[PDB]
Amino acid sequence: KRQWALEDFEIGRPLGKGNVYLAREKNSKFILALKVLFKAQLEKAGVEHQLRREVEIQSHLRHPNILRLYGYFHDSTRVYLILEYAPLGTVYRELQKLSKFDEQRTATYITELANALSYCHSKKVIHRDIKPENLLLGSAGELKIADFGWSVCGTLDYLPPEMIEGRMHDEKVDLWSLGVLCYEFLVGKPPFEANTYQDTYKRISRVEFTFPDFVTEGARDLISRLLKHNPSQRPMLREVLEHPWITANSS
Ligand SMILES: N#Cc1cccc(Cn2cc(NC(=O)c3n[nH]c4cc(-c5cn[nH]c5)ccc34)cn2)c1
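Here it is in structure tokens:
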């Protein structure tokens, strides 16, 4: 499995913050991403078990639309995660430049994500934290799931009424997330977005959303199908991949 230390990698530009830095393995010249987690931070938050879960889950996941976790290592105060480098950055950054995506680009990201989520659910692994900042873009502009920190409570967006209400939940949480993600992709903002945490809770709880005029009948239908209060009423990933709007606009 290879034994690693800090003295094996040349650190560079910070790629993101939660931090993750650009790194080069000195011997192989291998470009990767180093997520640097402080032990004292994980101690004062009691999330050490949650990190182990993420490490165990992502290291055994193998799919072209899932970012690879090559390995881990720790020192006296820090914990390091050797992650795959996504050359084209986050989906969040992309959406900020473009404002919103077209039906073609949206349906392709949805397909790529639904496929990756189906691979995850077949292994009984539920993502729970699907959002643009946790999604990356590979060398070919393919969508890739990066963060797996909540795999098996800041912004409520993307979380279904089950999780926010503390009730038990299925793989269906990721289907709701898919619906939130499809809307955000086409509109430019998530469907339950509010100024306060308290208002976002109400928007989610009572499923309040309205489509702007430009959102098409086909896109409206899939989003409506995915944003159901009852998780049993949510369509399966196979139903989404074979949805008319998806197949008509997907690559
Ligand atoms: N300035 C600038 C700029 C503008 C455009 C493109 C790029 C290239 N770019 C590549 C990345 N890649 C990553 O950020 C990245 N690559 N691999 C990652 C893994 C995680 C990660 C954190 N937890 N789990 C995974 C998080 C982030 C990453 C970001 N920008 C940089």
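Per this note's numbering: the sequence shown = residues 460 to 710.
We put the beta carbon where it would ideally sit given N, CA and C, even for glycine.
Beta-carbon contacts of residue i that lie in its chain and below 6 Å, excluding the five residues immediately before and after
i      : result
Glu643 : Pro649
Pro694 : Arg684
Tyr568 : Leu602
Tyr578 : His522
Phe468 : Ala482 and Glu484
Backbone secondary structure at residue i - three-state DSSP
i      : result
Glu652 : coil
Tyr568 : helix
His533 : strand
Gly475 : strand
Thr706 : helix
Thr549 : strand
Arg665 : coil
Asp561 : coil
Residues bridged to residue i (per DSSP)
i      : result
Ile604 : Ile525 and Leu594
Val495 : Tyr539
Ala482 : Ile470 and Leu491
Classification of residue i by the beta-carbon crowding that lies within 10 angstroms, buried from 16 upward
i      : result
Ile490 : exposed
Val639 : buried
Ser636 : buried
Any non-hydrogen atom of ligand 3 closer than 7 Å to residue i Cβ
i      : result
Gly600 : For ligand 3, the structure offers nothing, since it holds only ligand 1.
CB of residue i within 8 Å of CB of residue j, strictly
i      : j      : result
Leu595 : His586 : no
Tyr539 : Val495 : yes
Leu645 : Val666 : no
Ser610 : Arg512 : yes
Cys641 : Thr706 : no
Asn524 : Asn486 : no
Close-in-space but distant-in-sequence residues of the same chain around residue i (CB under 8 Å, 5 per side omitted)
i      : result
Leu615 : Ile623, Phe651, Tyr656, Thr659, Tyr660 and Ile663
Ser691 : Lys631
Contacts around residue i, its chain only, beta-carbon distance under 7 Å, and the 5 residues preceding and following it disregarded
i      : result
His533 : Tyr539
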